[PDB]
RNA sequence: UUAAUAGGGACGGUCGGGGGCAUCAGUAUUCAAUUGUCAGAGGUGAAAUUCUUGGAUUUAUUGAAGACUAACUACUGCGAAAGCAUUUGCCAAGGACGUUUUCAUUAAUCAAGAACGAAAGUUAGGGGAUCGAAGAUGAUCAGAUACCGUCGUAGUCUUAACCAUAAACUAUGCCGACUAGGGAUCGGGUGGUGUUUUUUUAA
């Protein structure tokens, strides 16, 4: 169990870290539209879900 | 309520008929108050006329302190003085109509009037059917907690001693020996039991009132023109608070033995003793010994009745004995002597938990522990077998405990990551627990109760005292992730995901509330603890616990107590259990919802707005599910307003089987009275209607490791 | 083996009350003041009155059986001074001098969040 | 003034004599605390012997510091009131009756150049024990703050007061008093307030100032015995 | 209250004795 | 024709111990019930009226009444001024900021008159805990403690109207320009930044 948990947390932290950088990296569309990302946002997948939810 | 105008000094409950009801109408329509003011006005409707008298009988006392006088031929006046017997005097005619009322029956009458007045004032729930369209007199056991049948000796005439005891002095006072013996039995039984009981009724079984014209007096087969009865039955309403008291307190010691002390020593004889207590008081007292098979009352009534009425009488209540034996006897010291109302076994479990409860807090963790909430069955006094040290074959040995740490924003937002963080907590809890406290043993286990949630891991702690505890994390993020789970699911899969959420809250969120309320309410209902196990034991014999969650049985078993109407709150194992079976027999779960106020006896009571909300839920559910295939039992309360939490997922065949056995059980009691043969028939499974039956035998006997 | 009391001292500007009780408080064990122990009223607030007052209860304290006391010192309070006067501390000294085991010391002077007008008036008092 | 020169006062004629030492009749009685506290021994008390003793014993309230009951100086500044409810064999069973802090700690807490926020709520627990809670918090400056004071605007004080009130109401409603007291001892409640108020503002020294029990339901000896975790006497041979 | 009143009236008419059996007695 | 770093109004998020009507808390004072004990309690520079063995003062469990918001309280905030410090809701009102929205000179000064106007005072009801002009009474010994003590009317609070006076002070008409630097604070706005924060409920 110790090894299984340790591997799983490490993989998650890398993916979570990468996701947070992607959203807060000044995303700009090919037509020069700069996506607005709020502070504390971590995943772009979450942003899409809000647009769908609302 | 089984009330008639017939004689009651003979023993039958009655004397109060229409005439005593209607005559009391006129007295109150002509006055009735302590100021001779009218209590009933002649313009009152049928409801108002009936209400005041149900109120009148309930609160004004007509037997011991106070009596009412009226004029048939003059305003009726309530006098404070009492004649020590029920009296509604009539000065115009100089007759007391309430002469036929026995002292014992009057309090029973007053109890019914008061408890109906409470339902009459009730506005949340309709009580029309209970007050009027429910017969509580069909079974004595359902109506009365304990029943003892006494066989008098030489029964073609009573023994010379017993006939001598009646004597010349009592013919004038009591015209018939049947009347005299009933008063003798009531006085000694009432005096012997004292505060242990609320009401006592003595009934002459097999008493006839009609005889052929060819004969002068009624003839009983046992009587032989001497005594018009077969046998007497002592029926009791026991008081749970002091029913199992080991000692019967008596008058205090003094220089000169007082009259109360005189009757105290004479009545119990050798059984009486003068004994001192820790407080330093010296009083005359007598001793009893508790037993796991019988109550203290059976011992008192036997000894008291034999000494005073007849040394040759035979007292036997085997029916209550069988139910006590069917309750498992734990493997603890002095188990046989322990009473069925004792919860010492559960308390020792709590103290062991308290020791571990301290160790966990002082331990240092990355997140501070918010609270630890025990939620196991034994913590709410409901486990089928009482906890036993090291008896780990009991399936209820490992008690669920909910641990919740302080709110943090660092929880994984992925649920499989969320739990692997949860397990990482318990892993650390295991490590320092092993180091600092080596006397405690621990191991991990997986849980699959929540469907599809295959990562849950729980720590099972084996305490040095010999008890097991199972620990699982609660997280604030966990709930909303499930709410996130339902939202993203495809429309076809959403009904499946909400079912997963339903069992999650059943185990984690609502489980905490269920134990908190039940533990507190159980104290007031002393006999709830014994009955609920025996009901669960009954379910297990018929193979129903496997589909019935433990909570549903508990909510079913508590209905006769929070809602005892038209009956009284049970104070016996046999009375409480049969009432549960009766309710199931007459419960129409397709059209009638089951909703309870989990409150102590007269806040958190359901008021009208919350009440109406719950039926509105039932109607909406039944609109979509009229046949009830998806859901059968609608059990709701303050804790569960949805009403589907603890009754979801049961197959329809099991639901009908539960009601089927109850009706046949009631029909069995109707056809054949309560006895040893019936009780065994109730508690044994048919196993024939099942299409195929598979027999298993374990390699070793599991009783001794189960604590039985 | 250690039975506890509560030694309550009320140090007013004109008098000092030394009152020893049980833990809960209704039962008085011993109550003496400076007026008990002095011949002139002007010296009731004097520390000398407090000590001979405090010593008297301590002997009476050992009589009933109480061997330790929790000290709850206070002043007159209200719209008057908040701090116990020299008499209060002197009594606390004597209780230590008597030998009684002192458990805890707390100030329970009544502090008003809002006080009615003082006796002095606008121009003041204590001239 | 016991002086001779002191003038006689009116009361001095009628003087009842000390012909009875009161303690000759008084009987000592032992007090016990609920199982929630580690140290059940909280001393003893005395009453006149029964002619009864119990009637005076019921309603007895004793106030005691946690440090004695918990055996830790971390709670030296907190006190609990325990009310006697049942007596058996000279052992006085008590129940939680109140909580409060020492005056010195409250005075030391209130300091200049900061804002004092206090919130109170009237709420009942699941056992129908109606109670009133008082909570206090204080503003604090950040690590890099250069402003002397850490005042918060009125809208912010109201926002904090709304958050704190919600938490206190939630904790009391979804718990029993015995469970409620179990949370008071570790001071867990303060930790959720400071995290609940965390995104709003940094607060320091968050504490539940006082607990009052406004009403009580019908007394239940059965419940009382359970919280404390019957006895035969001795035959006179 | 109106529900209870109508429930009384329904209860009565169920238990009212049939007038024909009166005339017979 | 401009759209005055004239002005009006709008609209957006804030901001305030601004105002009124309800509502909640809070100790403290006095009084009352119960509870344990006993000789003084009170007050002064020192004492005496006064209360007290029907139990004073003091101890605790409460309850009732009327005022009023300590500590947090700062060369800080709001209001034309006088003034305004507990929580929550309702009613409207207002300064500043933002505006690539709107009128187009609608402005400055000023008589009579009007509104507000601390505390005290007045008419007629209510309330009356505390404080308290007046009046009563104790003591009238000693100069740093030399005017104190007890009872206490009107008043202190409020309702509907009068009275319109303050060292109601920048001891200092109003409107509008220009004529030095410096950094503390309050409200708003703009940019940057990394700590505290935090996550698909919202905010």
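Express the relative contact order of chain C as a whole percentage, based on alpha carbon pairs under 8 Å and six or more residues apart in sequence. The partial results should precede the final answer.
On the way: 270 pairs, mean separation 34.5, N = 127.
Contact order relative to length: 27 percent.
If the label point is 7 Å along Cα→Cβ of residue D:219, which residues in the stretch C:3-42 have backbone nitrogen under 19 Å from it?
Only C:24-27 pass the distance filter.
Between residue B:541 and residue A:41, what FRET efficiency comes out of the Förster formula 1/(1 + (r/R0)^6) with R0 = 60 Å and r the beta carbon distance, rounded to 0.05?
Working: r = 59 Å, r/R0 = 0.98.
That gives a FRET efficiency of 0.55.
Using a 10 Å cut-off around each Cβ, can you sort B:629, C:21 from fewest to most neighbouring Cβ atoms?
By the 10 Å Cβ count, ascending, the order reads B:629, C:21.
How are the alpha carbon pair distances in the stretch D:62-156 distributed across 10 Å bins from zero to the largest one, expressed in percent?
P(r) for the stretch D:62-156, in whole percents per bin: 12, 29, 31, 18, 7, 3, 0.
Rounded to the nearest 5, what % of DSSP beta bridges with both residues in the stretch D:24-229 are antiparallel? It would help to have the intermediate numbers written out before the result.
Working: 40 of 43 bridges.
Around 95 percent antiparallel, to the nearest 5.
Where a ≥ b ≥ c are the square roots of the eigenvalues of the C-alpha gyration tensor, would you call the stretch B:668-708 rounded, which needs a/c under 1.5, or, failing that, prolate if a/b is larger than b/c, or oblate? Working shown, then result.
Working: a/c = 5.33, a/b = 1.54, b/c = 3.47.
Note, shape of the stretch B:668-708 comes out oblate.
Once label points are set 7 Å from the Cα along Cα→Cβ at both residue D:48 and residue B:154, what is their separation, rounded to one decimal in nm?
According to this spin-label approximation, the distance is 6.0 nm.
Tell me the angle of helix A:2-23 to the major Cα principal axis of chain A, expressed in degrees between 0 and 90 and rounded to the nearest ten.
The angle comes out at about 10 degrees.
State the percent of C-alpha pairs, over all pairs in chain B, separated by a distance greater than 47 angstrom.
Values: 76771 of 250278 pairs.
Counting every Cα pair in chain B, those more than 47 Å apart make up 31 percent.
Using a simple spin-label model with points 7 Å from Cα along the Cα→Cβ vector, what separation in nm is obtained for residue B:61 and residue D:234?
About 3.9 nm separates the two model spin labels.
To the nearest 10 degrees, how steeply does helix C:86-98 sit against the main Cα axis of chain C, on a 0 to 90 scale?
0
Under the rule a/c < 1.5 gives rounded, and otherwise a/b versus b/c splits prolate from oblate, where does the stretch B:446-555 land using the Cα gyration tensor? Before the final figure, lay out each step's value.
Details: a/c = 1.93, a/b = 1.55, b/c = 1.25.
Prolate, since a/c reaches 1.5 and a/b exceeds b/c.
If you average the sequence gap of Cα pairs under 8 Å that are 6 or more apart and divide by the length of the stretch B:372-507, what percent do you get for the contact order?
Numbers: 178 pairs, mean separation 35.1, N = 136.
Averaging sequence separation for qualifying contacts and normalising by length gives 26 percent for the stretch B:372-507.
Which percentage, to the nearest 5, of the DSSP beta bridges contained in chain C is antiparallel? Can you show the working numbers first?
Values: 11 of 23 bridges.
Among the beta bridges of chain C, antiparallel pairing accounts for roughly 50 percent.
Please report the antiparallel percentage of DSSP beta bridges with both residues in the protein assembly as shown, rounded to the nearest 5. Please report the intermediate quantities before stating the final value.
On the way: 101 of 129 bridges.
Bridges in the protein assembly as shown are about 80 percent antiparallel.
Give the Kirkwood hydrodynamic radius (Å, one decimal) of the protein assembly as shown, defined as one over the mean of 1/r across all pairs of different Cα atoms.
Every distinct Cα pair counted, the radius reaches 36.0 Å.
Please average, across the residues of C:37-46, the number of beta carbons from any other chain that are within 10 Å of each residue's own beta carbon, and give a whole number.
Details: counts 1, 3, 6, 5, 3, 1, 1, 1, 0, 0.
If you average over the peptide's residues, the count of other-chain Cβ atoms is 2.
Can you give the relative contact order of chain A as a percent, counting alpha carbon pairs under 8 Å and 6+ residues apart?
Working: 25 pairs, mean separation 17.1, N = 54.
Answer for chain A is 32 percent.
With no solvent and one equal point scatterer per Cα, compute the Debye intensity ratio I(q)/I(0) for the stretch B:567-708 at 0.09, 0.12, 0.19 Å⁻¹ and report its log10, rounded to two decimals.
-0.43, -0.73, -1.23
What shape does chain D have by the C-alpha gyration tensor, where a ≥ b ≥ c are the square roots of the eigenvalues, rounded means a/c under 1.5, and otherwise prolate means a/b greater than b/c and oblate the rest? Write out the running numbers ahead of the final one.
Details: a/c = 2.81, a/b = 1.55, b/c = 1.81.
Oblate, since a/c reaches 1.5 and b/c is not below a/b.
Based on other C-beta atoms within 10 Å, arrange A:31, D:74, B:394 from fewest to most. Don't skip to the answer; put the middle values down first.
On the way: A:31 5, D:74 11, B:394 22.
The fewest-first ordering by Cβ neighbours comes to A:31, D:74, B:394.
Can you give me the angle between helix C:47-64 and the longest principal axis of chain C, using Cα atoms only, in degrees from 0 to 90, rounded to the nearest 10?
Roughly 30 degrees, rounded to the nearest 10.
Sketch the reach of a paramagnetic label on residue D:27 as a point 7 Å from Cα along Cα-to-Cβ, and name the residues of the stretch D:69-98 whose backbone nitrogen lies under 15 Å away.
Under 15 Å, as judged by backbone N against the label point of residue D:27, lie D:87-92 of the stretch D:69-98.
Across peptide B:271-284, how many C-beta atoms of other chains are within 10 Å of each residue C-beta, on average?
Working: counts 0, 0, 4, 3, 5, 4, 7, 7, 13, 6, 4, 2, 1, 0.
Other-chain Cβ atoms within 10 Å of each residue's Cβ, averaged: 4.
Go ahead and run the numbers for FRET between residue A:16 and residue B:443, Cβ-Cβ distance against an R0 of 45 Å, rounding to 0.05.
On the way: r = 32 Å, r/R0 = 0.70.
Here the calculated transfer efficiency is 0.90.
Starting with the fewest neighbours, write out B:276, D:60, D:161, B:171 ranked by other beta-carbon atoms found within 10 Å of each beta-carbon.
On the way: B:276 15, D:60 24, D:161 18, B:171 12.
Ranking B:276, D:60, D:161, B:171 by Cβ neighbours within 10 Å, fewest first, gives B:171, B:276, D:161, D:60.
Counting partner chain Cβ atoms within 10 Å of every residue's Cβ in B:239-248, what's the average?
Working: counts 0, 1, 2, 0, 0, 0, 1, 3, 4, 0.
Mean partner-chain Cβ count within 10 Å for B:239-248: 1.
Using mean Cβ contacts within 10 Å as the protection proxy, how do B:24-34, B:423-433 order, highest first? The partial results should precede the final answer.
Details: B:24-34: 19.1, B:423-433: 17.5.
Top to bottom by mean Cβ count within 10 Å: B:24-34, B:423-433.
Each reported figure results from applying straightforward, stated rules to the coordinates on display, with no laboratory input. Cβ atoms come from the backbone with ideal geometry, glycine included; neighbour counts cover every protein chain shown.
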